[PDB]
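Only one chain is given next, in structure tokens, and it is the form deposited in one PDB entry.
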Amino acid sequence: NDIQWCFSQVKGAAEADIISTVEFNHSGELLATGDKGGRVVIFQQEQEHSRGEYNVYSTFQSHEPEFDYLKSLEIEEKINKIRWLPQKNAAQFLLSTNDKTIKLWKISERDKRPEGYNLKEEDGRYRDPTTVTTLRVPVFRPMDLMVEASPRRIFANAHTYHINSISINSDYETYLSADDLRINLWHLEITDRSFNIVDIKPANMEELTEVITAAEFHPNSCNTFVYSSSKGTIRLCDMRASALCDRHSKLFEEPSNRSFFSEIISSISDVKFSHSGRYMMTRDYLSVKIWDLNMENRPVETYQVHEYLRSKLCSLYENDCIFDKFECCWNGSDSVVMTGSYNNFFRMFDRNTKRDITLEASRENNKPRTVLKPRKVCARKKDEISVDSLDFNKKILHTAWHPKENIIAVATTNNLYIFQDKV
């Protein structure tokens, strides 16, 4: 039943080095991660199912720190989201976004260089031009393989607030970017203008009550996208109905837990469409809810990430941990969903069997093909971990699942863990 996950690799070891996003590419051969320092590191799987290890493939500075001279504020270079485009040709394309700007990066391999000169040598030593009589055209020669990353297009100056989501449309042309209050529609080949489809900004900001937390395009349908709000509701929009998507087509929201923190914990931090596209998953602070797109009134499945923290919300509020934005991700078959937790714990929920397992990404098990022992949290029998002993600084916010294989990338604060199914 349960998948026996095994330690495969650990990479990484300061604030600048903290990983802020993780994303496999469509084929799953490439794995990209971003950090608070604006750097993007791409790992390529060894292609010698495939269980080859991942090795550094490319590294570039996606974003640089900048100062907003209009608002007189600093602009963070932290990488919020990375999205791979479908492979157009031999090269690889991905979208990298910070709070303000989205950059389209091309990663291409070069294995040849020009050789031959008419007015000088390869060393740069010139010669008298009077003696140059016969012309010769340079000829390309093989060279050691190298990977080059360059910024092709920059989408900037469009968002007044901090960008939180980017999602590529299935039409291969457009993608959306959602800030706190606006969603803008972009054309991948046009940077000078954008289309603002959704704008929930109130006339008087004093009356502000909702902010957009996440947005995503439907994997198959080109006209369907959803966006969640801080109030815990998901609005599904149909671009076919009208040019402006202010009027949502569907609204997903549920009707003993009316505590002071109910408002805070209800905010949806991440929303993910299933690969099949029939189901939708949302992650709030305490639970993962899976929504059938044909049932607005309630989710079809609900899973508790960590119930033991429900009684400790007061402590979490004091140390600001209650505002953490955890993520979630489906597996290739949509049968298992993964989400992170505290103390370097990440949770696997099997929909078919309704079984749960808690796993720890720790260097203590730093031995290849070593089975991860399921963890248990108690509020203490043998091998159980006391709730009071949990370290809330160790947060697993960002995780990714291989699109086809049982390979998962789990990012701690400073280390990236890759786990593989026992084979």
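Basically, rigid core = biggest C-alpha set you can superpose within 1.5 Å across the two forms. Residue positions are given as counts along the sequence shown, with the first one as 1.
We do not show the form deposited in another entry, though everything after this point is about it.
Large C-alpha shift between the shown form and the other one, rigid core held fixed: of 190, 300, 119, 91, this applies to 119 alone, with a displacement of 2 Å or more. Once the cores line up, the CA of residue 323 ends up less than 2 angstroms apart between the shown form and the other one. Residue 172 shows a C-alpha shift below 2 Å between the shown form and the other one [criterion: core-superposed Cα displacement of 2 Å]. With the core held fixed, residue 152 shows a CA shift below 2 Å between the shown form and the other one. Panel note: the distance between the CA atoms of residue 148 and residue 124 is larger in the other form than in this form, the difference being 3 Å or more. Whereas the displayed form keeps them at a certain spacing, the CA atoms of residue 122 and residue 148 lie at least 3 angstroms farther apart in the other form.
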